[PDB]
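S.K.: pasting an experimental structure, sequence included:
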2 protein chains.
Amino acid sequence: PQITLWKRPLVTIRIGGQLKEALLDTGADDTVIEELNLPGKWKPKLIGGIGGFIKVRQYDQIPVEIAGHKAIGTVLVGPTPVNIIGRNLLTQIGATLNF
Amino acid sequence: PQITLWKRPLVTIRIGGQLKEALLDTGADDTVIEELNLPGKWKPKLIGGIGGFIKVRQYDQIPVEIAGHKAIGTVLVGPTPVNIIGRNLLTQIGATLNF
Ligand SMILES: CCCC[C@@H](CN[C@@H](CCCC)C(=O)N[C@@H](CCC(N)=O)C(=O)N[C@@H](CCCNC(N)=[NH2+])C(N)=O)NC(=O)[C@@H](NC(=O)[C@@H](NC(C)=O)[C@@H](C)O)[C@@H](C)CC
């Protein structure tokens, strides 16, 4: 689809069998989801944002369906204020910015 | 123009007549620049994201040219590792997400 930016670009995703809402974030390297369980193993990681750094769980090779488009890649889980889909998955679904 | 997301979407902007590199961030409501010597009246604000909040200075009606496309609006100034172009200005240059 084509998404304008007057509102936050929030979409529904499928992850782990569950539906969630997430923000399409071109300013994020990685995909960061609110605290939850995901199948499989993980390892601790730290990531940073506007306010500093947080601890997350790094899960690899997780399938995520993003507005109907499939991706399989790293998902970080931790105390983010909002679920964000970052460039590691945006690239998989063919997303570009256009102006 | 079309910008892919293989790398961070860093582009040249002009603010205060000078050129800087900034990240096009669809996950940002607002525009955050690290330019603490702007002239002009400002007011204190707090903005947040991953890691919490920081203090910024809010400047209004500041011209910002992005990749040769003129915009004018609110700019927040504060300590950030990367200059961020948010939706307040992305909308003014006609930017969309496409997949
Ligand atoms: C989670 C909140 C929404 C998404 C987030 C994305 N912003 C980018 C900006 C870039 C860095 C300052 C971000 O955090 N990116 C992270 C996401 C985490 C991730 N791992 O992908 C990033 O790429 N982090 C890199 C580091 C980038 C820093 N740059 C650098 N070292 N050169 C990383 N690998 O850890 N938006 C925001 O942080 C913005 N917040 C908002 O837009 C709203 N605030 C809230 C709480 O939602 C609004 C109500 O203020 C800020 C900028 C104020 C307008």
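M.R.: Done, it's in. Residues are numbered from 1 along each chain as shown, chains lettered A, B, ... in the order given.

S.K.: show me which residues of the biggest strand by length in chain A are buried.
M.R.: Ordering each strand of chain A by length in residues (DSSP state E) puts strand A:52-66 first. By neighbour count with 16 or more other C-beta atoms under 10 Å in any protein chain shown, strand A:52-66 contains the buried residues A:54, A:56, A:57, A:58, A:59, A:62, A:64, A:66. The way it works is simple: take the backbone N, C-alpha and C, and place the C-beta from them, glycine included.

S.K.: hang on, residue A:20 packs against residue A:32?
M.R.: No - contact criterion C-beta atoms under 8 Å: residue A:20 and residue A:32 do not qualify, at 11.9 Å.

S.K.: of the two, which one has the most company?
M.R.: residue A:32 (26 against 15; other C-beta atoms under 10 Å in any protein chain shown).

S.K.: show residues contacting the longest strand of chain A.
M.R.: Residues outside strand A:52-66 that contact it (C-beta atoms under 8 Å, 6 or more residues apart in numbering or on different chains) are A:11, A:13-16, A:22, A:24, A:31-32, A:38, A:40-48, A:70-80, A:85, A:89, A:93, B:50-52.

S.K.: swap the cut-off to 7 Å and go again
M.R.: With C-beta atoms under 7 Å, 6 or more residues apart in numbering or on different chains as the contact definition, strand A:52-66 has outside contacts at A:11, A:13-15, A:32, A:38, A:40, A:42-47, A:70-79, A:85, A:89, A:93, B:50-52.

S.K.: got it, and stretch A:79-91?
M.R.: Under the criterion C-beta under 7 Å, 6+ apart, residues A:20-26, A:28-35, A:54, A:64, A:66, A:71, A:73-74, B:5-6, B:27, B:48-50 lie in contact with stretch A:79-91.
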